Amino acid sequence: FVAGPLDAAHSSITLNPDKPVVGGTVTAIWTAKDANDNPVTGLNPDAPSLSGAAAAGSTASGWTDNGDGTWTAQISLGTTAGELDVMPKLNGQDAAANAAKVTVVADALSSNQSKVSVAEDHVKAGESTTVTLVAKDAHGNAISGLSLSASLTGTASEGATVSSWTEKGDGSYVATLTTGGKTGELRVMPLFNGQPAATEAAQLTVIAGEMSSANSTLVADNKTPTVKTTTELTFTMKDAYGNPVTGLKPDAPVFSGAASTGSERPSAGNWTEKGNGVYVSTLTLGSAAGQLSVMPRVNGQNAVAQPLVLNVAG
């Protein structure tokens, strides 16, 4: 017998498969029925209606009437990943109860389009920085849900580690890179299925750690200088691992004791780094004789365990 008019509330649409890849194909299967659930054939349907991010550049063939109430169309997908919503239409009106929805997935990870970056390109020994991976396919689609690892290379890779990765959405992933006690060059390559996930490794320099007052020393060329004369100060600065702390100018030292109390106070001149982590300054003694305690300062902190003690001669 002849079926009644198409009824959208009794009709449906399916897309097969779910998760097709960009540039691939997806099949649309529209089940057309009347209000008595009888199949509907011999219609003149409009072209399939495509929406969502993945509809861009996607094209549909005409609908094939299978003679059983099912109508099939092939969709050639564009290169944009994301949601694809498909609704059949008859004279501009919806011809199914709901649109069919799939996620069109990005293609294989492209090392050329993907990028790795480090928040700081100089990191102090023992400290950490953030590594960011932006993972993409050849068309520039962001790749979600990746399981990642990392490869560390270079002089400073021994003792350095990378944490678990955190996905931040839109194919962005972050991890913590912790350096160890070894200074020098370090390169980080995020890995996907054991292969490089980026064009080139992010590069950083591991520099000396925070200064260690226990490993640092201050000496003078004369332990008994006369009032108002000078003595050369030699300040050797190291981190907790014994690395020399280079390129870091100390502050003015702090003076206490009898020899710091005269009308003329002792004063240290500018520090010059003359050796690797070795800073030299000229100390001009004050007008008062007696014991002088000299405490070097670096970034507002005491730079040695115990002060240099001088006995200033009258």
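When you see a residue number, it is the position in the sequence shown, counting from 1.
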{"property": "187-195 or 234-242, whichever carries the higher mean Cα B-factor", "result": "187-195"}
{"property": "Comparing 116-124 with 196-204, the one whose average Cα B-factor in the PDB entry is higher", "result": "196-204"}
{"property": "28, 278, 285, 248, ranked by C-alpha B-factor: the highest one", "result": "248"}
{"property": "Out of 100, 96, 131, 214, residue topping the C-alpha B-factor column of the entry", "result": "214"}
{"property": "CA B-factor placement of residue 154, once the chain's modelled residues are sorted into thirds", "result": "highest"}
{"property": "Assigned third (lowest, middle, highest) for the C-alpha B factor of residue 56", "result": "highest"}
{"property": "Lowest, middle or highest third - CA B-factor, residue 46", "result": "middle"}
{"property": "Chain-relative CA temperature factor third for residue 209", "result": "lowest"}
{"property": "Chain-relative CA temperature factor third for residue 88", "result": "lowest"}
